[PDB]
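So the structure is just underneath, and the comments pick up after that.
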Amino acid sequence: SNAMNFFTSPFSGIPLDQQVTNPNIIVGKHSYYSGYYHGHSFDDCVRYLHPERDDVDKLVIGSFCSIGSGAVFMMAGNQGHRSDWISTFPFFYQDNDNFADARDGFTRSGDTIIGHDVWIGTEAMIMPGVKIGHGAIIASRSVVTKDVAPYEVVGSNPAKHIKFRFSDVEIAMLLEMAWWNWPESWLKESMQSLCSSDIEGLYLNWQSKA
Amino acid sequence: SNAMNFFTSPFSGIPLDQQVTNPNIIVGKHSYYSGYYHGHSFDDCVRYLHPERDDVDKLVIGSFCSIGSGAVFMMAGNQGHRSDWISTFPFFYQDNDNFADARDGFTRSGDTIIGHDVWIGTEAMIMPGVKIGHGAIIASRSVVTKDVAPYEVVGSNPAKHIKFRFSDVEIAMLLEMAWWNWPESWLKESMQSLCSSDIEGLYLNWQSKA
Amino acid sequence: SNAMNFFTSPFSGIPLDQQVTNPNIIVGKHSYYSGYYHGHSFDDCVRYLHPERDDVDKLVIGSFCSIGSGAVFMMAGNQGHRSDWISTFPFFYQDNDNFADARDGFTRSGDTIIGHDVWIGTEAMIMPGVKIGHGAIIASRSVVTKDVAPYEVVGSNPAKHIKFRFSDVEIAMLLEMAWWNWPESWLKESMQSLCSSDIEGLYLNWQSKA
Ligand SMILES: CN(C)c1ccc(C(=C2C=CC(=[N+](C)C)C=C2)c2ccc(N(C)C)cc2)cc1
Ligand SMILES: CN(C)c1ccc(C(=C2C=CC(=[N+](C)C)C=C2)c2ccc(N(C)C)cc2)cc1
Ligand SMILES: CN(C)c1ccc(C(=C2C=CC(=[N+](C)C)C=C2)c2ccc(N(C)C)cc2)cc1
Ligand SMILES: [Cl-]
Ligand SMILES: [Cl-]
Ligand SMILES: [Cl-]
Ligand SMILES: [Cl-]
Ligand SMILES: [Cl-]
Ligand SMILES: [Cl-]
Ligand SMILES: [Cl-]
Ligand SMILES: [Cl-]
Ligand SMILES: [Cl-]
Ligand SMILES: [Cl-]
Ligand SMILES: [Cl-]
Ligand SMILES: [Cl-]
Ligand SMILES: [Cl-]
Ligand SMILES: [Cl-]
Ligand SMILES: [Cl-]
């Protein structure tokens, strides 16, 4: 058949919970990664995450997330580089008798936590320990060095505030609704509402039901 | 012979009209792409451009263009992500019975139009629908999210104004001359002038001939 | 054995003087490159550096340097593109009878010099002719278009000043000490001091010995 069968969708992709093999990566349902233009699966988007240790920083990703091609998740902390020390060269991790009495410069940064309904643009890099709130949008080629508020749009290198998707009242409504945790039958009933800007109307409907 | 035969030139490269296979990519003569450090041809620099549909955004590139290695041309619009909607997750493009009544969130951005004599730095990303005027210079690692004026130099992420190559009078002279549309014999006669900053002198010469 | 044997360390890597084949690349001892997530060795991090000519810009890298994965070193000057000329299209490097009388637009930028104890973040791009002082830190995804002072931290695209690692007195102490040139026995004795922020204490100790 056509050469289109070789390609993958720009609007869709392989779900995360159908390709992740690293046990230190927690992913929610329906979250996918469309990485045709970088070959490797999502496991290789996560850099230097030890898959056999339980005392390392973890990568947690919510549900209904969209991750563009070539996204990078740094998961090794400072990688043994102490800027406050005299040298950033990791003497502790070079097998050399002259470096025997070096101190370990590795420092954890905490878990990298991606919320629900997060849109991560293509080739965006997420620094270790970064928390990204629900509904946030990471622009393409962004370098996220700080936390991102829920439903906040950020971009540039380093990532800085661009705008909020909705007003504070609407954001509060979505955070209380938490449609990502609704039963599958509720999403099927509210597909037309979820594909619109009418947050206040859906919030009033959700109040009567629950 | 030497290992240099395996390499490709940093000053030159394979012309675009000698390697482009996607019919939705319009390229001018002499425009080339030097992509040794990214392997793939120029067709893979253009991301998610359907090669079998005539109702999609097209990529138009002028003549005498220089495109560095790893340049990216996003050609899929918003890829079904509506930031103004409640969720950016493209329910319409996931085959799931619970998403049957979703609305299509895809929105075209218009054709990406690259003018004549455009220098695109290596690993620069061009967002969908961006128009770049004649003679503009795209710095390396740029993320061009807005239109670029003729003979404007832009850089950074997102791309912002750096400078104009020449004065407004000189730019007007070059836009009226349009040497990229001259016969091949006129360029051969004016090779020494085209390789200099003497725009006003060449404009006076072109007035007497035409 | 384990799948960990296939991987390489994020804290360490193959030393530069154990993998560099290009004779126009001068590297110091202990400097390494950890490029697991980009496949190629350090020779392919250096772009368009002619390995058989002695009249080109050279890449000089000091000792005890840490280079992240995917770092890029542009080593071809302007690549024949003269922005001050009428056209940036390199007519001189296209074999065409109509371009026979073109002038050479190539211009060298000088040697790219990386000092000692320089930490270069992953996927950072170094423009041609850039000098980076001792102890500087190049943040990830940086585009270094200008010189970097010793022990200066820079980031963003284009790279701009973030901070200095230490005070002017401490920087002067480290530049006079130059521990990267100490005998191997001196580093083994001062491993605990090099893995700390006590620059002034080590400077007082070094004064008594030398
Ligand atoms: C150049 N390249 C590698 C391509 C080429 C085409 C695509 C696909 C596509 C492109 C543009 C569209 N619009 C403008 C509406 C819609 C779909 C596509 C292909 C297959 C597919 N499936 C297998 C379901 C889904 C989408 C992706 C990458
Ligand atoms: C490291 N690497 C992969 C390389 C190595 C060398 C080159 C080439 C080159 C480099 C520097 C030059 N100057 C400083 C003047 C001029 C030419 C080159 C090679 C072949 C070629 N042709 C086949 C025509 C044209 C140019 C490119 C990539
Ligand atoms: C996912 N992936 C490709 C990986 C997975 C694991 C690593 C390694 C590692 C990761 C996290 C660590 N901590 C949090 C302390 C410590 C070491 C590692 C592996 C081998 C090795 N050697 C061969 C010496 C040294 C380090 C690197 C890449
Ligand atoms: Cl993508
Ligand atoms: Cl969260
Ligand atoms: Cl994207
Ligand atoms: Cl923070
Ligand atoms: Cl901000
Ligand atoms: Cl290039
Ligand atoms: Cl145009
Ligand atoms: Cl370039
Ligand atoms: Cl615009
Ligand atoms: Cl601007
Ligand atoms: Cl790295
Ligand atoms: Cl130096
Ligand atoms: Cl790094
Ligand atoms: Cl400078
Ligand atoms: Cl600055």
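Quick note on labels: first sequence line is chain A, next is B, and so on, each numbered from 1.
For the pair B/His30/C/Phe99, a side-chain contact is recorded, criterion being any heavy-atom separation below 4.5 Å from C-beta on. Two residues are said to be in side-chain contact when any heavy atoms from C-beta on lie closer than 4.5 Å; B/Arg82 and B/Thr107 meet this criterion. The closest side-chain heavy-atom distance from C/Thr88 to B/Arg165 is below 4.5 Å. In this structure, the side chains of C/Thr112 and C/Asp57 stay at 4.5 Å or more apart for every pair of heavy atoms.
With a 4.5 Å cut-off on non-hydrogen atoms, C/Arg103 touches chain B through its backbone and its side chain both. Only the side chain of C/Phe91 has a heavy atom closer than 4.5 Å to any heavy atom of chain B. At a 4.5 Å heavy-atom cutoff, C/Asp104 makes no contact with chain B through either its backbone or its side chain. Neither the backbone nor the side chain of C/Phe92 comes within less than 4.5 Å of any heavy atom of chain B. Proximity to chain C (any heavy atom under 4.5 Å) is restricted, for B/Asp198, to the backbone atoms N, CA, C and O. Heavy-atom distances place both the backbone and the side chain of B/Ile199 under 4.5 Å from chain C.
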Criterion side-chain hydrogen bond (donor to acceptor under 3.5 Å, both in side chains) on B/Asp117 and C/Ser87, from CA distance to verdict: CA-CA 6 Å; B/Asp117 194 54; C/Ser87 175; 2.4 Å; yes
Dump the intermediate steps for side-chain contact (heavy atoms from CB on, under 4.5 Å) on B/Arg108 and B/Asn78, then the final yes or no. CA-CA 7 Å; B/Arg108 297 170 181 83; B/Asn78 57 2; over 6 Å; no
What do the steps show when you test B/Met75 against B/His50 for side-chain contact (heavy atoms from CB on, under 4.5 Å), and what is the final call? CA-CA 9 Å; B/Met75 296 300 307; B/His50 199 301; over 6 Å; no
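With respect to chain B, the highest number of heavy-atom pairs below 4.5 Å among C/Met74, C/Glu52, C/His81 belongs to C/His81. Heavy-atom pairs under 4.5 Å with chain C were tallied for B/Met191, B/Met4, B/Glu189, B/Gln192; the largest tally goes to B/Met191. Most heavy-atom pairs under 4.5 Å with chain C, from the set B/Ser197, B/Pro15, B/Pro10, B/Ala3: that is B/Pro10. Listed options C/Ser156, C/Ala100, C/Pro90, C/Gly80 were ranked by heavy-atom pairs under 4.5 angstrom with chain B; first place goes to C/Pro90. The choice from B/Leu202, B/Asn2, B/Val143 that makes the most heavy-atom pairs within less than 4.5 Å of chain C is B/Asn2. Put simply, of B/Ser190, B/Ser142, B/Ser196, the one with the most heavy-atom pairs under 4.5 Å next to chain C is B/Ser196. Looking only at heavy-atom pairs under 4.5 Å with chain C, the residue among B/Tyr32, B/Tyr36, B/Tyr151 that has the most is B/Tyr32.
For residues 58-70 of chain B, a heavy-atom distance under 4.5 Å to chain C picks out B/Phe64, B/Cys65, B/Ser66, B/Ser69, given by residue number. Chain C is approached within less than 4.5 Å, heavy atom to heavy atom, by B/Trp119, B/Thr122, B/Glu123 from residues 118-135 of chain B, ordered by number. Close approach to chain C, defined as a heavy atom under 4.5 Å from one of its heavy atoms, is seen in B/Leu174, B/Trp179, B/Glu184 of residues 167-185 of chain B, taken by number. Within residues 16-27 of chain B, no residue has any heavy atom closer than 4.5 Å to a heavy atom of chain C.
Checked against the 6.0 Å centroid threshold, B/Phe7 and B/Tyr37 do not count as a close aromatic pair.
Remark: B/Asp95 CG is loosely packed, at most 12 non-hydrogen atoms of other residues, nucleotides or ligands lying under 6.0 Å away. When the shell of 6.0 Å around NZ of C/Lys163 is examined, it contains 12 or fewer heavy atoms from other residues, nucleotides or ligands.
Distance CD1/B/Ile113 to CG/B/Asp147: 9.0 Å, rounded to 0.5 Å. Taking CZ from C/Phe89 and SG from B/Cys195, the interatomic distance works out to 10.5 Å, rounded to the nearest 0.5 Å. Distance OH/B/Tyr33 to CG/B/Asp44: 8.5 Å, rounded to 0.5 Å. Atoms OG and CZ, on C/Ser1 and C/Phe6 in that order, are 9.0 Å from each other to the nearest 0.5 Å.
Taking the six-membered ring where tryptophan is involved, the planes of C/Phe106 and B/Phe11 are perpendicular, since the angle between them exceeds 60° and thus also 30°.
One N or O on the side chain of B/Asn205 and one on the backbone of B/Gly201 form a donor-acceptor pair closer than 3.5 Å. With hydrogens and angles ignored, the 3.5 Å screen pairs no side-chain donor or acceptor of C/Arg141 with any backbone N or O of C/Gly155.
Scanning both residues, C/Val144 and C/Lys146, for their nearest heavy atoms gives CG1-O, 3.2 Å. The heavy-atom pair separating B/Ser34 from C/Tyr48 by the smallest distance is O-OH, 3.7 Å.
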